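Here's the structure, in structure tokens; my notes come after.
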Amino acid sequence: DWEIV
Amino acid sequence: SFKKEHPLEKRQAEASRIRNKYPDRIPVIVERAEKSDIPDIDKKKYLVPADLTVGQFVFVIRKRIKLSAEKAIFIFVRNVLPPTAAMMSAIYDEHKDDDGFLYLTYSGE
């Protein structure tokens, strides 16, 4: 999973 | 350690998927610079708006590592400081890794 900025 | 923990085969494949699906965002791996005395970061994988500046990404890191604003944070790419005003799309275009990710490190003073 990705952190979304 | 991101590269050490994931084979080059798998890194390349995930970058290709992300660039296809989210073309307005930049896949960035963020790690603390070697020998730096500030907090390590919990999450390493960040999908960043292309227009986000380096300077604005400093604020993102600050909020994660919970560092007081009195203490400065610097972002490096390939061991050099990119300009604060540069957009992440630009840094990606010019310094992206062979695996398709952009690798950033950070430190304090």
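Labels for the structure tokens follow display order: chains A, B, ..., residues from 1 in each chain, ligands from 1.
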Should the cut-off be 12 Å, what would the residue list for chain B against chain A look like, counting only C-alpha atoms, as a ChimeraX atom specification? /B:14-15,18,22,25-30,42-53,56-61,63-64,88
File of the preceding selection, N, CA, C and O atoms, as a compact mmCIF listing (two decimals), in the first residue's frame:
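Now in out_28.txt:
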# COMPACT_ATOMS: atom_id res chain seq x y z
N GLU B 14 6.06 -3.06 -10.06
CA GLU B 14 5.12 -2.21 -9.34
C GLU B 14 5.17 -0.79 -9.85
O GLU B 14 4.13 -0.16 -10.00
N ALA B 15 6.36 -0.28 -10.16
CA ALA B 15 6.46 1.07 -10.72
C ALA B 15 5.71 1.18 -12.04
O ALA B 15 5.09 2.22 -12.33
N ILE B 18 1.86 1.58 -11.39
CA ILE B 18 1.51 2.88 -10.84
C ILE B 18 1.59 3.96 -11.90
O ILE B 18 0.75 4.87 -11.92
N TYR B 22 -1.97 5.90 -12.36
CA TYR B 22 -2.04 7.20 -11.68
C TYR B 22 -1.04 8.13 -12.33
O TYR B 22 0.00 8.48 -11.74
N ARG B 25 0.49 11.31 -10.66
CA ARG B 25 1.23 11.15 -9.42
C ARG B 25 2.59 10.51 -9.66
O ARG B 25 2.82 9.87 -10.69
N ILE B 26 3.49 10.69 -8.69
CA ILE B 26 4.89 10.26 -8.76
C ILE B 26 5.14 9.26 -7.64
O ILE B 26 4.84 9.56 -6.48
N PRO B 27 5.64 8.05 -7.93
CA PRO B 27 5.95 7.04 -6.92
C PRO B 27 7.29 7.33 -6.29
O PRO B 27 8.33 7.21 -6.96
N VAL B 28 7.28 7.60 -4.99
CA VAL B 28 8.50 8.03 -4.32
C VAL B 28 8.76 7.09 -3.17
O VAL B 28 7.84 6.81 -2.38
N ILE B 29 10.03 6.62 -3.04
CA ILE B 29 10.48 5.91 -1.84
C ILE B 29 11.24 6.92 -0.98
O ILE B 29 12.17 7.53 -1.48
N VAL B 30 10.91 7.02 0.32
CA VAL B 30 11.54 8.02 1.19
C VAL B 30 12.23 7.28 2.32
O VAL B 30 11.59 6.43 2.92
N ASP B 42 8.00 6.08 9.39
CA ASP B 42 7.26 4.81 9.52
C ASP B 42 7.01 4.18 8.15
O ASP B 42 7.44 3.05 7.88
N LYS B 43 6.32 4.91 7.28
CA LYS B 43 5.96 4.44 5.94
C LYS B 43 6.97 5.00 4.93
O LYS B 43 7.35 6.17 5.03
N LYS B 44 7.41 4.15 3.97
CA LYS B 44 8.42 4.56 2.97
C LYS B 44 7.85 4.88 1.59
O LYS B 44 8.55 5.56 0.80
N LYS B 45 6.64 4.38 1.22
CA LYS B 45 6.11 4.51 -0.15
C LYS B 45 5.03 5.59 -0.26
O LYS B 45 3.98 5.49 0.39
N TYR B 46 5.26 6.61 -1.08
CA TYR B 46 4.43 7.80 -1.13
C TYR B 46 4.01 8.06 -2.56
O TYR B 46 4.87 8.16 -3.42
N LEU B 47 2.72 8.23 -2.82
CA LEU B 47 2.27 8.53 -4.21
C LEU B 47 1.94 10.03 -4.24
O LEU B 47 0.96 10.47 -3.64
N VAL B 48 2.81 10.83 -4.86
CA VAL B 48 2.93 12.28 -4.66
C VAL B 48 2.30 13.00 -5.86
O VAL B 48 2.55 12.56 -6.99
N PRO B 49 1.50 14.06 -5.72
CA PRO B 49 1.09 14.81 -6.92
C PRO B 49 2.29 15.32 -7.71
O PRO B 49 3.24 15.87 -7.17
N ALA B 50 2.17 15.23 -9.04
CA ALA B 50 3.25 15.70 -9.89
C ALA B 50 3.62 17.15 -9.62
O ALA B 50 4.79 17.51 -9.76
N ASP B 51 2.63 18.00 -9.27
CA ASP B 51 2.89 19.41 -9.05
C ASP B 51 3.41 19.72 -7.66
O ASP B 51 3.80 20.87 -7.41
N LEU B 52 3.42 18.73 -6.76
CA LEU B 52 3.89 19.01 -5.41
C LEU B 52 5.36 19.41 -5.48
O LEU B 52 6.14 18.77 -6.20
N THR B 53 5.73 20.48 -4.76
CA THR B 53 7.15 20.86 -4.76
C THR B 53 7.94 20.11 -3.71
O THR B 53 7.41 19.58 -2.73
N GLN B 56 7.19 21.55 -0.48
CA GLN B 56 5.96 21.11 0.14
C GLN B 56 6.06 19.68 0.69
O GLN B 56 5.35 19.33 1.65
N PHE B 57 6.92 18.85 0.08
CA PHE B 57 7.10 17.49 0.56
C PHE B 57 7.88 17.47 1.87
O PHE B 57 7.69 16.55 2.69
N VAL B 58 8.70 18.49 2.12
CA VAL B 58 9.33 18.62 3.43
C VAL B 58 8.26 18.65 4.53
O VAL B 58 8.41 18.02 5.58
N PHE B 59 7.16 19.39 4.30
CA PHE B 59 6.10 19.47 5.30
C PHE B 59 5.48 18.10 5.54
O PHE B 59 5.14 17.75 6.68
N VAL B 60 5.31 17.31 4.48
CA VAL B 60 4.76 15.96 4.61
C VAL B 60 5.61 15.13 5.54
O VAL B 60 5.09 14.38 6.37
N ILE B 61 6.94 15.13 5.31
CA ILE B 61 7.84 14.35 6.15
C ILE B 61 7.75 14.87 7.57
O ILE B 61 7.66 14.09 8.52
N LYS B 63 5.35 16.11 9.27
CA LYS B 63 4.15 15.68 9.98
C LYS B 63 4.25 14.22 10.40
O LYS B 63 3.73 13.85 11.48
N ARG B 64 4.89 13.38 9.57
CA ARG B 64 5.06 11.97 9.91
C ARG B 64 6.01 11.81 11.09
O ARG B 64 5.68 11.13 12.07
N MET B 88 7.86 17.73 -8.11
CA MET B 88 8.23 16.32 -8.07
C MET B 88 8.27 15.70 -9.46
O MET B 88 9.10 14.82 -9.72
In chain B, what's alpha helix (DSSP H) per DSSP? Answer as a ChimeraX atom specification? /B:2-5,8-21,54-65,88-95
Which distance in Å separates atom CA of residue 87 of chain B and atom CA of residue 62 of chain B, to one decimal?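 Atom CA of residue 62 of chain B lies 18.2 Å from atom CA of residue 87 of chain B.
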Please list as a PyMOL selection string every residue within 8 Å of residue 91 of chain B, counting only C-alpha atoms and excluding residues in the same chain fewer than 5 positions away. chain B and resi 82+86+96+102
Write out the residues from the selection above, keeping C-alpha atoms, as a PDB file, in the first residue's frame.
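That gives us selection03.pdb:
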ATOM      1  CA  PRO B  82      17.194  19.447  -5.280  1.00  0.00           C
ATOM      2  CA  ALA B  86      11.213  22.107  -8.114  1.00  0.00           C
ATOM      3  CA  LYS B  96      14.293   8.494 -11.436  1.00  0.00           C
ATOM      4  CA  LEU B 102      12.193   8.080  -7.415  1.00  0.00           C
TER       5      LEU B 102
END
Could you go through chain B and tell me which residues DSSP, when run on the backbone, assigns to strand (DSSP E), listing them as a list in words? residues 25, 26, 27, 28, 29, 30, 31, 32, 45, 46, 47, 48, 49, 74, 75, 76, 102, 103, 104, 105, 106 and 107 of chain B
Only N, CA and C atoms, please: the residues just picked out, written as an mmCIF file, in the first residue's frame.
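Written file, out19.cif:
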data_model
loop_
_atom_site.group_PDB
_atom_site.id
_atom_site.type_symbol
_atom_site.label_atom_id
_atom_site.label_comp_id
_atom_site.auth_asym_id
_atom_site.auth_seq_id
_atom_site.Cartn_x
_atom_site.Cartn_y
_atom_site.Cartn_z
ATOM 1 N N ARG B 25 0.492 11.312 -10.659
ATOM 2 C CA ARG B 25 1.230 11.149 -9.424
ATOM 3 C C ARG B 25 2.594 10.509 -9.663
ATOM 4 N N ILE B 26 3.487 10.691 -8.688
ATOM 5 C CA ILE B 26 4.888 10.264 -8.762
ATOM 6 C C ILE B 26 5.136 9.261 -7.640
ATOM 7 N N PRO B 27 5.635 8.054 -7.933
ATOM 8 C CA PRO B 27 5.950 7.040 -6.919
ATOM 9 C C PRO B 27 7.294 7.330 -6.293
ATOM 10 N N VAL B 28 7.283 7.602 -4.993
ATOM 11 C CA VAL B 28 8.503 8.030 -4.318
ATOM 12 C C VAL B 28 8.757 7.088 -3.170
ATOM 13 N N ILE B 29 10.026 6.623 -3.043
ATOM 14 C CA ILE B 29 10.483 5.910 -1.843
ATOM 15 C C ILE B 29 11.238 6.916 -0.984
ATOM 16 N N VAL B 30 10.911 7.025 0.321
ATOM 17 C CA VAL B 30 11.544 8.016 1.191
ATOM 18 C C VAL B 30 12.229 7.282 2.318
ATOM 19 N N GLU B 31 13.533 7.538 2.552
ATOM 20 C CA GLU B 31 14.276 6.907 3.629
ATOM 21 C C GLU B 31 15.178 7.914 4.316
ATOM 22 N N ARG B 32 15.506 7.626 5.555
ATOM 23 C CA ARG B 32 16.354 8.563 6.278
ATOM 24 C C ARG B 32 17.766 8.419 5.757
ATOM 25 N N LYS B 45 6.641 4.377 1.224
ATOM 26 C CA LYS B 45 6.108 4.508 -0.153
ATOM 27 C C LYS B 45 5.026 5.591 -0.256
ATOM 28 N N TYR B 46 5.261 6.611 -1.084
ATOM 29 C CA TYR B 46 4.427 7.804 -1.130
ATOM 30 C C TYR B 46 4.009 8.058 -2.561
ATOM 31 N N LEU B 47 2.716 8.234 -2.821
ATOM 32 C CA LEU B 47 2.270 8.528 -4.206
ATOM 33 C C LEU B 47 1.940 10.025 -4.238
ATOM 34 N N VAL B 48 2.811 10.830 -4.863
ATOM 35 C CA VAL B 48 2.926 12.282 -4.657
ATOM 36 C C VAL B 48 2.305 13.001 -5.865
ATOM 37 N N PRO B 49 1.497 14.058 -5.720
ATOM 38 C CA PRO B 49 1.088 14.810 -6.916
ATOM 39 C C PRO B 49 2.286 15.319 -7.712
ATOM 40 N N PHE B 74 15.989 18.453 5.402
ATOM 41 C CA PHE B 74 16.502 18.642 4.040
ATOM 42 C C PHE B 74 16.233 17.363 3.261
ATOM 43 N N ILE B 75 15.779 17.508 2.024
ATOM 44 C CA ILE B 75 15.534 16.368 1.122
ATOM 45 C C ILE B 75 16.693 16.280 0.150
ATOM 46 N N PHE B 76 17.225 15.049 -0.046
ATOM 47 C CA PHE B 76 18.297 14.777 -1.011
ATOM 48 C C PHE B 76 17.801 13.801 -2.073
ATOM 49 N N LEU B 102 11.297 7.008 -7.837
ATOM 50 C CA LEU B 102 12.193 8.080 -7.415
ATOM 51 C C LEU B 102 12.570 7.817 -5.961
ATOM 52 N N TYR B 103 13.873 7.821 -5.649
ATOM 53 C CA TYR B 103 14.330 7.557 -4.292
ATOM 54 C C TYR B 103 14.776 8.891 -3.704
ATOM 55 N N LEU B 104 14.216 9.254 -2.550
ATOM 56 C CA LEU B 104 14.579 10.460 -1.825
ATOM 57 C C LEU B 104 15.190 10.044 -0.491
ATOM 58 N N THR B 105 16.173 10.807 0.017
ATOM 59 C CA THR B 105 16.547 10.642 1.428
ATOM 60 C C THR B 105 16.357 11.979 2.152
ATOM 61 N N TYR B 106 16.335 11.950 3.471
ATOM 62 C CA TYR B 106 16.169 13.196 4.208
ATOM 63 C C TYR B 106 17.067 13.179 5.434
ATOM 64 N N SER B 107 17.408 14.373 5.911
ATOM 65 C CA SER B 107 18.193 14.481 7.125
ATOM 66 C C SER B 107 17.868 15.827 7.759
#
